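One chain comes next, on its own, written as structure tokens: the form deposited in one PDB entry.
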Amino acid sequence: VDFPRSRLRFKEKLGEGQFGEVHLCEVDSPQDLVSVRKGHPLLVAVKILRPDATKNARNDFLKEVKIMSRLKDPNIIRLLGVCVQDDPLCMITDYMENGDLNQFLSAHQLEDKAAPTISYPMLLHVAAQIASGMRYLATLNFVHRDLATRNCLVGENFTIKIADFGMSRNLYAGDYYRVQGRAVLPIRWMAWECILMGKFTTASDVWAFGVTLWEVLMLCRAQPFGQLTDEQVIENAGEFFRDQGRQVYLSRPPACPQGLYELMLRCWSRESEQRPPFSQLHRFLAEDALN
């Protein structure tokens, strides 16, 4: 059943896609639709395909609706509703008022105990939620392929949801490696076997989670392998394959204790089956955040 499109009131533009836009909207007379807090503007985000969108654009949109429709977890973007029985095609999701996690964290510093900041335990809670979302995706045998902080959204009280913006945002253009006629590739987040053979699996999602964890512990203030060129990062993948002890790893963030760094290192294991499963990554971080 279609969400009543006429109840969607535009408020501002959140994003410019290639063929679509994402808008911030209010829902008029909110509680009439509940299958919202009293006296407050119920905001949602709406992804809308332009009425003059191509056949290809419309096809990709319809497939995204199918994919989103099954994702049902507290730390994954949720499909609240659709408007697809007529044009323009719409998808609706929760408004995450603090934007993408990379921008959010970039605007924070680790609290100095000696005295906006964020605590170490809170950093772990951020990471644990990401791991919980990926744990869910793993149980569906759903491979994300582009896990990074730029692809996570942040709501109130540091709640996190995993999304998938695509690779076209100007702000993150430097995170993607482009060759004519090939797939655009987030090489700095990619397991060696992804770079060399195009093989994306849950185990390469684990590797990307390691890099994402490294980002969180760096407070998003440096790009992974930031002093190496795209070419050297690709060459590094070659060194993982060759396995002659010449491969290199991201270094330990200042905010990251050695035990936690050793867990990161395990995510970057050459052998896929030796990378920790998400159920264990979550358990580790939630124990450490709790205690």
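From 1 onward, residues are counted along the sequence shown.
S.K.: Hey, does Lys38 drop out of the model in a third or more of the other PDB entries compared here?
M.R.: Yes: coordinates for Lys38 absent from at least a third of the compared entries.
S.K.: Between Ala115 and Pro116, determine how many residues of the deposited chain lack coordinates; answer none if the chain runs continuously, otherwise 1 to 3, 4 to 9, or 10 or more.
M.R.: Per the record, 4 to 9 deposited residues are absent between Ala115 and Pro116.
S.K.: Are any deposited residues left out of the model between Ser35 and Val36, and how many (none, 1 to 3, 4 to 9, 10 or more)?
M.R.: In the deposited sequence, 4 to 9 residues between these two have no coordinates.
S.K.: Averaging the C-alpha B factors as listed in the entry, name the stretch that ends up higher: 150 to 158 or 212 to 220.
M.R.: Higher mean C-alpha B-factor: 150 to 158.
S.K.: Using only the Cα atoms and their B-factors as the entry lists them, report which of 86 to 94 and 161 to 169 averages higher.
M.R.: It is 86 to 94.
S.K.: Going by the deposited entry, which of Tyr177, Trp207, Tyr120, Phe142 has the highest CA temperature factor?
M.R.: That would be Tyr120.
S.K.: Highest Cα B-factor in the PDB entry belongs to which of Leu265, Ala57, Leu228, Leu43?
M.R.: The C-alpha B-factor peaks, among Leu265, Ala57, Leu228, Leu43, at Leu43.
S.K.: Going by what the PDB entry lists, where does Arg252 fall on CA B-factor within its chain: lowest, middle or highest third?
M.R.: According to the entry, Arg252 has a C-alpha B-factor in the chain's lowest third.
S.K.: Among the modelled residues of this chain, does the Cα B factor of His108 put it in the lowest, middle or highest third?
M.R.: It belongs to the highest third of the chain when residues are ordered by C-alpha B-factor.
S.K.: If you rank the chain by CA B-factor, which third does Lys72 end up in: lowest, middle or highest?
M.R.: It falls in the middle third of the chain.
S.K.: Sorting the chain's CA B-factors, does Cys194 end up in the lowest, middle or highest third?
M.R.: Answer is lowest: the recorded C-alpha B-factor places it there.
S.K.: Would you mind checking where the Cα B-factor of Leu49 ranks among the modelled residues of its chain, as the lowest, middle or highest third?
M.R.: Highest third.
The same protein also exists as the form deposited in another entry; that form is not shown, yet it is the one meant from here on.
S.K.: Please look at the two rigid parts the chain moves as between the shown form and the other one and answer whether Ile130 and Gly226 share one?
M.R.: Yes, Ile130 and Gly226 move together as one rigid part between the shown form and the other one.
S.K.: Any idea whether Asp164 and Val44 get closer or farther by CA distance in that other deposited form, knowing it moves 3 angstroms or more?
M.R.: Closer together, which means the C-alphas of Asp164 and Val44 are at least 3 Å nearer in that other deposited form.
S.K.: Do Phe165 and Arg9 move together or apart in that other deposited form, judged by C-alpha distance changing 3 Å or more?
M.R.: Relative to this form, closer in that other deposited form.
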